[PDB]
file start-v2.tsv (TSV, C-alpha atoms and all ligand atoms)
chain	number	residue	atom	x	y	z
A	13	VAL	CA	-23.72	45.75	100.52
A	14	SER	CA	-20.26	46.12	102.24
A	15	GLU	CA	-18.90	49.75	102.04
A	16	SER	CA	-15.86	48.25	100.13
A	17	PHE	CA	-18.10	47.77	97.00
A	18	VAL	CA	-19.90	51.20	97.03
A	19	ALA	CA	-18.95	53.09	93.80
A	20	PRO	CA	-18.56	56.92	93.81
A	21	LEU	CA	-21.97	58.63	93.12
A	22	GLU	CA	-21.04	59.71	89.51
A	23	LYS	CA	-19.95	56.12	88.47
A	24	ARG	CA	-23.16	54.35	89.68
A	25	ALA	CA	-25.33	52.88	86.86
A	26	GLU	CA	-28.94	54.13	86.27
A	27	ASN	CA	-31.55	51.33	86.80
A	28	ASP	CA	-33.02	51.46	83.21
A	29	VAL	CA	-30.28	51.58	80.51
A	30	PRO	CA	-31.82	51.15	77.01
A	31	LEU	CA	-30.91	48.33	74.54
A	32	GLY	CA	-28.25	49.36	71.99
A	33	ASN	CA	-30.35	48.70	68.83
A	34	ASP	CA	-27.44	50.08	66.66
A	35	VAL	CA	-24.79	47.54	67.93
A	36	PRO	CA	-23.54	45.99	64.63
A	37	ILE	CA	-24.17	42.19	64.32
A	38	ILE	CA	-21.83	40.96	61.53
A	39	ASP	CA	-22.45	37.64	59.71
A	40	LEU	CA	-18.93	36.29	58.84
A	41	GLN	CA	-20.45	33.88	56.19
A	42	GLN	CA	-21.33	36.88	53.91
A	43	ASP	CA	-19.15	37.54	50.79
A	44	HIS	CA	-15.51	38.37	51.79
A	45	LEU	CA	-15.62	42.09	50.72
A	46	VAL	CA	-19.02	42.65	52.51
A	47	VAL	CA	-17.49	41.26	55.79
A	48	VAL	CA	-14.37	43.53	55.38
A	49	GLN	CA	-16.60	46.61	54.72
A	50	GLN	CA	-19.08	45.90	57.62
A	51	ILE	CA	-16.22	45.20	60.13
A	52	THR	CA	-14.40	48.39	58.91
A	53	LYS	CA	-17.57	50.57	59.41
A	54	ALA	CA	-18.15	49.05	62.91
A	55	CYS	CA	-14.45	49.70	63.86
A	56	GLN	CA	-14.60	53.36	62.61
A	57	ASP	CA	-18.00	54.32	64.17
A	58	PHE	CA	-18.58	52.02	67.22
A	59	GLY	CA	-15.46	49.99	68.30
A	60	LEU	CA	-17.86	47.26	69.61
A	61	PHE	CA	-19.69	44.74	67.33
A	62	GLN	CA	-20.92	41.11	67.53
A	63	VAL	CA	-19.87	38.33	65.08
A	64	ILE	CA	-22.23	35.42	64.14
A	65	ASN	CA	-21.68	32.37	61.84
A	66	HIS	CA	-18.02	32.90	62.94
A	67	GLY	CA	-16.90	29.25	62.36
A	68	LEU	CA	-16.15	28.51	66.08
A	69	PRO	CA	-18.16	25.41	67.14
A	70	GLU	CA	-21.37	26.30	69.12
A	71	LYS	CA	-20.97	22.97	71.05
A	72	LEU	CA	-17.43	24.07	72.20
A	73	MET	CA	-18.81	27.52	73.26
A	74	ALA	CA	-21.47	25.69	75.39
A	75	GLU	CA	-18.89	23.21	76.86
A	76	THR	CA	-16.51	26.11	77.75
A	77	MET	CA	-19.31	28.15	79.47
A	78	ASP	CA	-20.32	24.89	81.32
A	79	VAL	CA	-16.76	24.16	82.64
A	80	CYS	CA	-16.25	27.90	83.58
A	81	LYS	CA	-19.61	27.86	85.53
A	82	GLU	CA	-18.50	24.49	87.08
A	83	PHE	CA	-15.16	26.11	88.18
A	84	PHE	CA	-16.97	28.97	90.04
A	85	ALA	CA	-19.29	26.35	91.70
A	86	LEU	CA	-16.16	24.66	93.24
A	87	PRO	CA	-15.87	24.65	97.06
A	88	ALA	CA	-13.90	27.47	98.83
A	89	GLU	CA	-11.14	24.90	99.76
A	90	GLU	CA	-10.37	24.21	96.02
A	91	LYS	CA	-10.46	27.95	95.04
A	92	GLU	CA	-7.79	28.72	97.76
A	93	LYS	CA	-5.20	26.86	95.56
A	94	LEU	CA	-5.51	29.83	93.08
A	95	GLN	CA	-5.14	32.55	95.83
A	96	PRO	CA	-1.41	33.38	96.28
A	97	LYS	CA	-0.55	33.71	100.03
A	98	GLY	CA	-4.27	33.20	100.92
A	99	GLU	CA	-5.83	36.11	98.91
A	100	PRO	CA	-6.75	36.91	95.28
A	101	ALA	CA	-3.95	38.36	93.07
A	102	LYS	CA	-4.10	41.98	91.77
A	103	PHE	CA	-4.15	43.22	88.14
A	104	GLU	CA	-0.61	44.72	88.34
A	105	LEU	CA	2.73	44.02	86.52
A	106	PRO	CA	4.24	41.54	86.42
A	107	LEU	CA	0.97	39.88	85.19
A	108	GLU	CA	1.93	36.15	85.21
A	109	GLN	CA	0.35	33.62	82.77
A	110	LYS	CA	-0.22	30.89	85.46
A	111	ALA	CA	-3.90	30.62	86.62
A	112	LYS	CA	-4.86	32.86	89.60
A	113	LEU	CA	-8.11	34.25	91.06
A	114	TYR	CA	-8.07	38.09	90.97
A	115	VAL	CA	-9.80	40.96	92.85
A	116	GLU	CA	-10.20	44.31	90.99
A	117	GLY	CA	-11.17	47.92	91.88
A	118	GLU	CA	-10.21	51.63	91.62
A	119	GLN	CA	-7.87	53.59	93.99
A	123	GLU	CA	-12.61	57.09	96.90
A	124	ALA	CA	-11.24	53.47	96.68
A	125	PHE	CA	-13.83	50.69	95.93
A	126	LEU	CA	-13.89	47.06	94.68
A	127	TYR	CA	-15.71	45.66	91.60
A	128	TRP	CA	-18.49	43.11	92.44
A	129	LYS	CA	-16.57	40.37	90.53
A	130	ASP	CA	-14.32	37.29	90.94
A	131	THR	CA	-11.98	36.77	87.90
A	132	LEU	CA	-10.05	33.58	86.96
A	133	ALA	CA	-7.21	34.62	84.58
A	134	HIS	CA	-4.42	32.69	82.78
A	135	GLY	CA	-2.35	32.95	79.57
A	136	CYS	CA	-3.31	30.71	76.59
A	137	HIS	CA	-0.53	31.31	73.94
A	138	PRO	CA	1.56	29.54	73.06
A	139	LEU	CA	-0.01	26.33	74.52
A	140	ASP	CA	2.66	24.05	76.09
A	141	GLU	CA	2.69	21.50	79.00
A	142	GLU	CA	4.13	24.08	81.51
A	143	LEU	CA	1.34	26.67	80.83
A	144	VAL	CA	-1.56	24.10	80.82
A	145	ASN	CA	-0.09	22.43	84.00
A	146	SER	CA	-0.46	25.92	85.67
A	147	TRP	CA	-4.23	26.00	84.81
A	148	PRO	CA	-6.98	24.85	87.25
A	149	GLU	CA	-6.81	21.13	88.26
A	150	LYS	CA	-10.66	21.12	88.72
A	151	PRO	CA	-13.03	20.66	87.07
A	152	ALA	CA	-11.27	17.55	85.56
A	153	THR	CA	-12.23	18.61	81.94
A	154	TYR	CA	-11.21	22.35	82.31
A	155	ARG	CA	-7.74	21.95	80.68
A	156	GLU	CA	-8.88	19.81	77.67
A	157	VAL	CA	-11.98	22.02	76.91
A	158	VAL	CA	-10.24	25.43	77.46
A	159	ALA	CA	-7.12	24.33	75.43
A	160	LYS	CA	-9.44	23.66	72.38
A	161	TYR	CA	-11.44	26.90	73.09
A	162	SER	CA	-8.27	29.08	73.33
A	163	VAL	CA	-6.93	27.77	69.93
A	164	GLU	CA	-10.38	28.31	68.26
A	165	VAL	CA	-10.85	31.84	69.77
A	166	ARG	CA	-7.27	32.81	68.68
A	167	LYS	CA	-7.98	31.54	65.09
A	168	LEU	CA	-11.20	33.68	64.95
A	169	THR	CA	-9.40	36.77	66.45
A	170	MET	CA	-6.58	36.51	63.82
A	171	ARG	CA	-9.28	36.19	61.02
A	172	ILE	CA	-10.90	39.41	62.40
A	173	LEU	CA	-7.47	41.19	62.60
A	174	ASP	CA	-6.87	40.32	58.86
A	175	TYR	CA	-10.35	41.74	57.96
A	176	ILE	CA	-9.17	44.87	59.91
A	177	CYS	CA	-5.82	44.87	57.94
A	178	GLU	CA	-7.69	44.84	54.56
A	179	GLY	CA	-10.04	47.66	55.77
A	180	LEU	CA	-7.04	49.87	56.86
A	181	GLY	CA	-4.85	49.02	53.80
A	182	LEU	CA	-2.20	47.22	55.96
A	183	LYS	CA	-0.54	43.98	54.65
A	184	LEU	CA	-2.34	40.77	55.84
A	185	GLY	CA	-0.68	39.42	59.06
A	186	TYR	CA	0.32	42.95	60.29
A	187	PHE	CA	-0.73	41.89	63.87
A	188	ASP	CA	0.40	38.19	63.54
A	189	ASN	CA	3.56	38.95	65.60
A	190	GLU	CA	4.63	40.47	69.00
A	191	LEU	CA	1.43	42.67	68.90
A	192	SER	CA	-0.82	39.55	69.52
A	193	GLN	CA	1.61	37.25	71.45
A	194	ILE	CA	-0.23	37.54	74.85
A	195	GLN	CA	-3.66	35.79	75.13
A	196	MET	CA	-5.19	36.28	78.62
A	197	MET	CA	-8.48	34.40	79.21
A	198	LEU	CA	-10.51	36.15	81.96
A	199	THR	CA	-13.51	34.13	83.25
A	200	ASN	CA	-15.60	36.70	85.21
A	201	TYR	CA	-18.09	35.59	87.92
A	202	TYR	CA	-20.73	38.14	89.10
A	203	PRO	CA	-22.70	36.74	92.08
A	204	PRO	CA	-26.13	38.27	92.90
A	205	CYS	CA	-25.80	41.79	94.48
A	206	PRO	CA	-28.24	43.04	97.18
A	207	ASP	CA	-27.76	46.73	96.06
A	208	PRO	CA	-27.15	47.00	92.26
A	209	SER	CA	-27.79	50.83	92.39
A	210	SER	CA	-24.50	51.31	94.42
A	211	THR	CA	-22.16	48.68	92.81
A	212	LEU	CA	-20.39	47.85	89.50
A	213	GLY	CA	-19.45	44.34	88.26
A	214	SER	CA	-16.76	46.08	86.16
A	215	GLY	CA	-15.99	49.85	86.05
A	216	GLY	CA	-16.11	51.67	82.68
A	217	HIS	CA	-12.90	50.87	80.73
A	218	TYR	CA	-11.21	50.47	77.39
A	219	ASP	CA	-9.53	47.05	77.15
A	220	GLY	CA	-5.84	48.11	77.26
A	221	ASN	CA	-4.77	45.32	74.82
A	222	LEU	CA	-5.25	45.07	70.99
A	223	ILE	CA	-8.60	43.21	70.63
A	224	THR	CA	-10.92	41.20	72.95
A	225	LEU	CA	-13.52	38.50	72.10
A	226	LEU	CA	-16.20	38.20	74.82
A	227	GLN	CA	-18.72	35.32	75.30
A	228	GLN	CA	-21.89	36.07	77.37
A	229	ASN	CA	-25.36	34.46	77.73
A	230	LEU	CA	-26.99	36.95	80.24
A	231	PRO	CA	-27.47	40.78	80.34
A	232	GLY	CA	-25.06	43.12	82.23
A	233	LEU	CA	-22.64	44.43	79.55
A	234	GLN	CA	-23.09	48.17	78.75
A	235	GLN	CA	-21.24	50.44	76.26
A	236	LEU	CA	-20.56	54.22	76.51
A	237	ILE	CA	-21.60	56.04	73.25
A	238	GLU	CA	-21.73	59.81	72.28
A	239	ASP	CA	-23.09	62.40	74.84
A	240	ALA	CA	-22.17	60.14	77.86
A	241	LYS	CA	-25.09	57.76	76.98
A	242	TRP	CA	-24.77	54.13	78.19
A	243	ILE	CA	-26.54	51.37	76.15
A	244	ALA	CA	-27.10	47.64	76.97
A	245	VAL	CA	-25.34	45.06	74.70
A	246	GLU	CA	-27.93	42.29	73.89
A	247	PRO	CA	-26.52	38.87	74.96
A	248	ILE	CA	-26.39	36.42	71.98
A	249	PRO	CA	-25.15	33.13	73.55
A	250	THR	CA	-23.67	31.80	70.20
A	251	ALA	CA	-22.01	35.16	69.20
A	252	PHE	CA	-18.74	36.85	70.24
A	253	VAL	CA	-18.69	40.52	71.29
A	254	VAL	CA	-15.58	42.14	69.71
A	255	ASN	CA	-14.12	45.01	71.84
A	256	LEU	CA	-11.37	47.00	70.02
A	257	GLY	CA	-8.60	47.85	72.54
A	258	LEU	CA	-6.81	51.13	73.39
A	259	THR	CA	-3.68	49.60	71.68
A	260	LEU	CA	-5.60	49.28	68.33
A	261	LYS	CA	-6.97	52.88	68.76
A	262	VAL	CA	-3.29	54.09	69.00
A	263	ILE	CA	-1.92	51.87	66.13
A	264	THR	CA	-4.79	53.03	63.75
A	265	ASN	CA	-4.04	56.68	64.82
A	266	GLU	CA	-7.71	56.90	66.08
A	267	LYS	CA	-9.12	55.87	62.61
A	268	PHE	CA	-10.80	53.11	64.71
A	269	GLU	CA	-12.69	53.71	68.03
A	270	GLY	CA	-11.86	51.72	71.19
A	271	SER	CA	-14.86	50.15	73.05
A	272	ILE	CA	-15.59	51.85	76.44
A	273	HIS	CA	-17.78	49.35	78.37
A	274	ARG	CA	-18.84	48.35	81.92
A	275	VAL	CA	-20.75	45.51	83.65
A	276	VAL	CA	-23.69	46.11	86.08
A	277	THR	CA	-24.72	43.69	88.89
A	278	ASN	CA	-28.04	41.76	89.20
A	279	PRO	CA	-30.04	41.30	92.45
A	280	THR	CA	-31.45	37.75	91.77
A	281	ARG	CA	-29.06	35.71	89.51
A	282	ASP	CA	-25.31	35.13	88.96
A	283	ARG	CA	-23.58	35.68	85.56
A	284	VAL	CA	-20.40	34.21	83.99
A	285	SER	CA	-18.58	35.84	81.02
A	286	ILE	CA	-15.46	34.60	79.14
A	287	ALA	CA	-13.14	37.37	77.79
A	288	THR	CA	-10.13	36.51	75.53
A	289	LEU	CA	-7.77	39.55	75.69
A	290	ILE	CA	-5.20	39.36	72.84
A	291	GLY	CA	-2.42	41.95	72.65
A	292	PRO	CA	1.28	42.84	72.74
A	293	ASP	CA	4.07	41.33	74.85
A	294	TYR	CA	5.22	43.73	77.66
A	295	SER	CA	8.53	44.17	75.65
A	296	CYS	CA	6.63	45.77	72.68
A	297	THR	CA	6.91	49.42	71.52
A	298	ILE	CA	3.43	50.78	70.53
A	299	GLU	CA	3.06	53.61	67.95
A	300	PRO	CA	0.71	54.66	65.11
A	301	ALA	CA	1.28	52.40	62.02
A	302	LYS	CA	3.81	54.43	59.93
A	303	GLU	CA	2.28	52.91	56.72
A	304	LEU	CA	-0.93	55.02	57.36
A	305	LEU	CA	0.80	58.31	58.50
A	306	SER	CA	1.09	61.40	56.19
A	307	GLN	CA	1.04	65.25	56.40
A	308	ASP	CA	-2.83	64.92	56.27
A	309	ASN	CA	-2.75	62.10	58.94
A	310	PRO	CA	0.07	63.07	61.39
A	311	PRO	CA	0.77	60.76	64.39
A	312	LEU	CA	-1.41	61.54	67.48
A	313	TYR	CA	0.85	59.37	69.76
A	314	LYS	CA	4.67	59.15	70.18
A	315	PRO	CA	6.17	55.61	70.51
A	316	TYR	CA	5.81	54.15	74.07
A	317	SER	CA	6.69	50.99	76.07
A	318	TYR	CA	3.64	48.65	76.47
A	319	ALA	CA	5.03	47.77	79.98
A	320	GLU	CA	5.09	51.50	80.94
A	321	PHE	CA	1.55	51.98	79.47
A	322	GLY	CA	0.40	48.81	81.36
A	323	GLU	CA	1.49	50.17	84.80
A	324	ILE	CA	-0.54	53.43	84.25
A	325	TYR	CA	-3.56	51.64	82.64
A	326	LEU	CA	-3.88	49.24	85.66
A	327	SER	CA	-3.38	51.95	88.41
A	328	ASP	CA	-4.76	55.32	87.06
A	329	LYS	CA	-8.61	55.22	86.51
A	330	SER	CA	-9.01	59.09	86.54
A	331	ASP	CA	-9.86	58.93	82.76
A	332	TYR	CA	-10.60	56.00	80.35
A	333	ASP	CA	-7.42	56.84	78.31
A	334	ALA	CA	-5.16	57.86	81.31
A	335	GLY	CA	-2.84	55.03	80.05
A	336	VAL	CA	-2.03	56.86	76.74
A	337	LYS	CA	-2.40	60.55	77.90
A	338	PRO	CA	1.39	60.91	78.56
A	339	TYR	CA	2.15	59.87	74.90
A	340	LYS	CA	-0.37	62.20	73.07
A	341	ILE	CA	1.17	64.63	70.47
A	342	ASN	CA	-0.16	66.96	67.66
B	401	LIG	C1	-11.77	45.11	83.81
B	401	LIG	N1	-10.31	44.95	83.82
B	401	LIG	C2	-9.62	45.72	82.78
B	401	LIG	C3	-8.17	45.90	83.24
B	401	LIG	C4	-7.46	44.59	83.43
B	401	LIG	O1	-6.94	44.17	82.13
B	401	LIG	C5	-5.85	43.39	82.10
B	401	LIG	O2	-5.32	42.95	83.08
B	401	LIG	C6	-5.36	43.17	80.68
B	401	LIG	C7	-4.92	41.73	80.47
B	401	LIG	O3	-4.30	41.59	79.19
B	401	LIG	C8	-4.28	44.19	80.35
B	401	LIG	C9	-4.32	44.92	79.17
B	401	LIG	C10	-3.33	45.84	78.87
B	401	LIG	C11	-2.28	46.03	79.74
B	401	LIG	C12	-2.22	45.32	80.91
B	401	LIG	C13	-3.21	44.40	81.22
B	401	LIG	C14	-8.33	43.48	83.99
B	401	LIG	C15	-9.79	43.58	83.55
B	401	LIG	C16	-9.98	43.44	82.05
B	401	LIG	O4	-11.28	42.95	81.76
B	401	LIG	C17	-9.80	44.88	81.52
B	402	O	O	-12.00	43.33	79.57
B	403	SR	SR	-8.59	33.20	101.15
B	404	SR	SR	0.22	22.88	88.63
B	405	V	V	-13.34	44.78	78.83

call {"tool": "encode", "arguments": {"input": "start-v2.tsv", "output": "structure tokens", "more": "lines below"}}
Ligand SMILES: CN1[C@H]2C[C@H](OC(=O)[C@H](CO)c3ccccc3)C[C@@H]1[C@@H](O)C2
Ligand SMILES: [O]
Ligand SMILES: [Sr+2]
Ligand SMILES: [Sr+2]
Ligand SMILES: [V+3]
result
Amino acid sequence: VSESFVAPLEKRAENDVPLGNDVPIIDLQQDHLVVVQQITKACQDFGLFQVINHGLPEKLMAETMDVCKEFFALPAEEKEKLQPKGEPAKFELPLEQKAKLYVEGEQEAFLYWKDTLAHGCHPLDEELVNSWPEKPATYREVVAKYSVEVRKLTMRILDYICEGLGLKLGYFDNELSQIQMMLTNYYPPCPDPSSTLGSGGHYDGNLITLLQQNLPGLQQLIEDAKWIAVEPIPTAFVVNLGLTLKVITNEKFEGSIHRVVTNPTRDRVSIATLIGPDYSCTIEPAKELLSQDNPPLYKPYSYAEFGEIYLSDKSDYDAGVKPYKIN
């Protein structure tokens, strides 16, 4: 493996990470109150859960994974059209909603063993969809339907979260969910998995993420610096609560800290829908939940200012919010 991809010793993954048997799997076709209670418990104790019987068509999930795999099978010459000035774009502000291929890493500087296609999805209009990949031919029609369906499911989950917290329904149906970034992640086979990371350990900086996977590689950090493997369920969504939701709930909910490990023999594609605030938003603990017993743990901050730190400073998982901590 190229020196560029060698992770610092302490960040390298151990070869045998155990299955997370305690990852909540939540059936959304249970009675309404049972769903609210199970989602609430998962948000308080874990910050990562899977949803099944979630109402999003299994056929559409399969068609979306197919067209995403088809995109990454495209020739080099086609992929160049998504590389501004001949190279992948960087995860840095301004983060544009037009489709680009991205490189990612940490500044002991190293790169993640990953190619990412990213674009905005909300609101859908001709200008946005015309900025998506031209190939495969069916990408735009399949991913347009997928993005609307994933958003509908995410807003359902945010209203379950509202009921669990005692916030009015639709609390997040505003500026706090107006950006929908779809990240299609491609992990090619890696000759030295013991030295590399597909994705470094992170909170998602946004509000909430729905992740579609069909192969192993996703790992979560739980108490006592233990990593566990998240079982791939091809017809489920992994829900990762973001650092933004951790702040707004005043740490009543956990954020998901997770990473992706490489594989020596086979490639892997994942589809992450990252929903969260516009860069113009002010983030603070929900005042409705604050009291003398529950004082705010964060001062109000600019999401844009947070974003710059979150994307550049990887010294700690919550480096993005450290400047805004109080009490
Ligand atoms: C592994 N990387 C993490 C950081 C970066 O995330 C982003 O780029 C999101 C995209 O919404 C973002 C969130 C909050 C503020 C700025 C950007 C790209 C990817 C994501 O999978 C999460
Ligand atoms: O992510
Ligand atoms: Sr190039
Ligand atoms: Sr175009
Ligand atoms: V993530």

call {"tool": "atom_distance", "arguments": {"input": "start-v2.tsv", "atom1": "atom CA of residue A:221", "atom2": "atom CA of residue A:259"}}
result
5.4 Å

call {"tool": "residues_near_ligand", "arguments": {"input": "start-v2.tsv", "ligand": "ligand SR 403 (chain B)", "cutoff": "10 Å", "atoms": "all atoms listed in the file", "output": "ChimeraX atom specification"}}
result
/A:88-89,91-100

call {"tool": "residues_near_point", "arguments": {"input": "start-v2.tsv", "point": "(-22.9, 45.8, 66.2)", "cutoff": "9 Å", "atoms": "all atoms listed in the file", "output": "list in words"}}
result
residues 32, 33, 34, 35, 36, 37, 38, 54, 58, 59, 60, 61, 62, 63, 245, 253 and 254 of chain A

call {"tool": "residues_around", "arguments": {"input": "start-v2.tsv", "residues": "stretch 328-336 of chain A", "least_positions_apart": "3", "cutoff": "8 Å", "atoms": "only C-alpha atoms", "output": "NGL selection string"}}
result
:A and (118-119 or 216-218 or 258 or 272 or 313 or 321-322 or 324-325 or 339-340)

call {"tool": "atom_distance", "arguments": {"input": "start-v2.tsv", "atom1": "atom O1 of ligand LIG 401 (chain B)", "atom2": "atom CA of residue A:28"}}
result
27.1 Å

call {"tool": "residues_near_ligand", "arguments": {"input": "start-v2.tsv", "ligand": "ligand O 402 (chain B)", "cutoff": "9 Å", "atoms": "only C-alpha atoms and all ligand atoms", "output": "number ranges by chain"}}
result
A: 198, 214, 217-221, 224, 226, 255, 273-274, 287-289

call {"tool": "residues_around", "arguments": {"input": "start-v2.tsv", "residues": "stretch 166-168 of chain A", "least_positions_apart": "3", "cutoff": "12 Å", "atoms": "only C-alpha atoms", "output": "JSON, numbers by chain"}}
result
{"A": [40, 63, 64, 65, 66, 67, 68, 69, 135, 136, 137, 138, 139, 158, 159, 160, 161, 162, 163, 171, 172, 173, 174, 175, 188, 192, 193, 194, 195, 196, 197, 223, 224, 225, 226, 251, 252, 253, 254, 287, 288, 289, 290, 291]}

call {"tool": "closest_residue", "arguments": {"input": "start-v2.tsv", "among": "A:213, A:315, A:249, A:279", "to": "ligand V 405 (chain B)", "atoms": "all atoms listed in the file"}}
result
A:213

call {"tool": "atom_distance", "arguments": {"input": "start-v2.tsv", "atom1": "atom CA of residue A:204", "atom2": "atom CA of residue A:277"}}
result
6.9 Å

call {"tool": "residues_near_ligand", "arguments": {"input": "start-v2.tsv", "ligand": "ligand SR 404 (chain B)", "cutoff": "12 Å", "atoms": "all atoms listed in the file", "output": "list in words"}}
result
residues 93, 94, 110, 111, 112, 141, 142, 143, 144, 145, 146, 147, 148, 149, 150 and 155 of chain A

call {"tool": "closest_residue", "arguments": {"input": "start-v2.tsv", "among": "A:299, A:239, A:75, A:246", "to": "residue A:261", "atoms": "only C-alpha atoms"}}
result
A:299

call {"tool": "closest_residue", "arguments": {"input": "start-v2.tsv", "among": "A:210, A:227, A:235, A:169", "to": "residue A:15", "atoms": "all atoms listed in the file"}}
result
A:210

call {"tool": "closest_residue", "arguments": {"input": "start-v2.tsv", "among": "A:164, A:207, A:116, A:323", "to": "residue A:132", "atoms": "all atoms listed in the file"}}
result
A:116

call {"tool": "decode", "arguments": {"input": "start-v2.tsv", "residues": "stretch 110-151 of chain A", "atoms": "C-alpha atoms", "output": "mmCIF file, in the first residue's frame"}}
result
data_model
loop_
_atom_site.group_PDB
_atom_site.id
_atom_site.type_symbol
_atom_site.label_atom_id
_atom_site.label_comp_id
_atom_site.auth_asym_id
_atom_site.auth_seq_id
_atom_site.Cartn_x
_atom_site.Cartn_y
_atom_site.Cartn_z
ATOM 1 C CA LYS A 110 -23.447 19.715 -7.835
ATOM 2 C CA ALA A 111 -22.065 16.130 -8.243
ATOM 3 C CA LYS A 112 -18.271 15.740 -7.701
ATOM 4 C CA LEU A 113 -15.892 12.862 -6.881
ATOM 5 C CA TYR A 114 -14.118 13.532 -3.530
ATOM 6 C CA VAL A 115 -10.863 12.419 -1.813
ATOM 7 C CA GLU A 116 -10.803 12.451 2.040
ATOM 8 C CA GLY A 117 -8.158 12.134 4.805
ATOM 9 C CA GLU A 118 -6.719 13.675 8.025
ATOM 10 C CA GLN A 119 -4.043 16.456 8.269
ATOM 11 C CA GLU A 123 0.817 12.550 10.350
ATOM 12 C CA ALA A 124 -1.310 13.293 7.190
ATOM 13 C CA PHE A 125 -2.946 10.241 5.467
ATOM 14 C CA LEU A 126 -5.773 9.504 2.972
ATOM 15 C CA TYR A 127 -8.861 7.281 3.498
ATOM 16 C CA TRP A 128 -8.983 4.190 1.187
ATOM 17 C CA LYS A 129 -12.226 5.504 -0.424
ATOM 18 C CA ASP A 130 -13.670 7.245 -3.520
ATOM 19 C CA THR A 131 -16.867 9.256 -2.709
ATOM 20 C CA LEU A 132 -19.487 10.576 -5.196
ATOM 21 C CA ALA A 133 -21.444 13.384 -3.429
ATOM 22 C CA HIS A 134 -24.313 15.699 -4.496
ATOM 23 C CA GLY A 135 -27.248 17.565 -2.901
ATOM 24 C CA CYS A 136 -30.773 16.065 -3.230
ATOM 25 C CA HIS A 137 -33.153 18.715 -1.699
ATOM 26 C CA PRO A 138 -35.066 20.434 -3.010
ATOM 27 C CA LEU A 139 -35.137 18.456 -6.326
ATOM 28 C CA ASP A 140 -35.245 20.818 -9.366
ATOM 29 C CA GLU A 141 -33.976 20.624 -13.011
ATOM 30 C CA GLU A 142 -30.754 22.623 -12.200
ATOM 31 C CA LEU A 143 -29.704 20.256 -9.334
ATOM 32 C CA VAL A 144 -30.552 16.982 -11.216
ATOM 33 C CA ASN A 145 -28.816 18.367 -14.395
ATOM 34 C CA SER A 146 -25.632 18.687 -12.189
ATOM 35 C CA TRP A 147 -25.819 14.924 -11.278
ATOM 36 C CA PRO A 148 -23.882 12.193 -13.183
ATOM 37 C CA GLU A 149 -24.833 11.825 -16.910
ATOM 38 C CA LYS A 150 -23.905 8.063 -16.723
ATOM 39 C CA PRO A 151 -25.234 5.544 -16.042
#
